[PDB]
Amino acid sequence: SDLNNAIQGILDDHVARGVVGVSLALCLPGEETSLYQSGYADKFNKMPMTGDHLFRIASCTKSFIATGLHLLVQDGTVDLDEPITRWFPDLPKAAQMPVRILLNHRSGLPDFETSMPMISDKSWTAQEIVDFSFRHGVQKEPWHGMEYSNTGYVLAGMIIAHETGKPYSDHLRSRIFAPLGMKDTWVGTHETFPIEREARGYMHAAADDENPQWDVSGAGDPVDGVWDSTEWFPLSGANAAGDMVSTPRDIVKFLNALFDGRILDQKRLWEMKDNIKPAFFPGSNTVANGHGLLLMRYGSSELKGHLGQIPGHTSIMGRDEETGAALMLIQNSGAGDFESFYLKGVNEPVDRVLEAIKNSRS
């Protein structure tokens, strides 16, 4: 179609800007998932990006942890409004923290991401990360306002594990990956994934990388204007906040099933996607969030899904509720600064795609 051609052109233009590679999966109503790629999986080997290359999805993981949690709500063992003192009795302010605040970025919890060394081989524990957060972050009052929280999701993961008696990867695999045939999806803290299949991730030595969000010391020198950051950070360090590995294809599988109502009942899905308040994420198109899903605005279209930033892999997934379209776009270029083109600019091709879809429907 002319749509195919416009979309490939969008991805082509984006890599021509200096993005190493990009992988897209897009499903439209009444149609199969279409896959598109441009540029390279591996910059130095000049290996072409395919629909089978795996990426670290970063915070897109949170949508799966939220889903996992809401599933345990359905099982009747968890209440979205009950205090987390049940699982975390000695956690400061826990009595003011209902289960839901862990998912909605309004808990005031101290965060760990900006203090955590991104270059490391340390195997982290969920509790280590929690203790590390309280050591290095600033805690605010629950319900102070929205401030993006990775710690809330780590604690969510710990609930999943206590309520099921196994690592949270087991719950996500049996209740989500298996039933939907997501065969190319892994949970990084608790599962070994095949590195040889992963697209390489690239941090760019860019001029607009002024205020890096990460401790990226120990990097060494850039080759051809980039670092290969694929294996800088062990995924256990992100844990339930960003440890998943997947393909745009598998992500769209998840997204179709979620919005179709084939995972969560009507009430848990409404909670995830419709029970919303305003939300900010620096550099991004985020305007609101629910309990596991961000609302990201692209002119006259909006996606409900998530963004993900983990060194070298930059992702946007979501569902446009008006058009029915589900998408996951991951590039293997990034930087440290939220406002860098290599981070924030992942939104440009996304915006262009939603407007091309719109055109072909007008």
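Numbering starts at 1 and follows the sequence shown.
- Of the two segments examined, 340-348 and 14-22, it is 14-22 that shows the higher average Cα temperature factor in the deposited entry.
- Annotation for 142-150 versus 225-233: the higher mean temperature factor (C-alpha) is found in 225-233.
- Highest CA B-factor among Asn285, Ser107, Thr247, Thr192, as stated in the entry: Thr192.
- Per the deposited record, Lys43 carries the highest C-alpha B-factor of all listed residues (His70, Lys43, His313, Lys62).
- In the deposited entry, the Cα temperature factor of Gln331 sits in the bottom third of values across the chain's modelled residues.
- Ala279: CA B factor lies in the lowest third for its chain, per the PDB record.
- Among the modelled residues of its chain, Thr114 has a C-alpha B-factor that falls in the highest third according to the deposited record.
- Looking at the C-alpha B-factors along this chain, the one for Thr125 belongs to the highest third.
- When the CA B factors of the chain's modelled residues are split into thirds, the value for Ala325 lands in the middle one.
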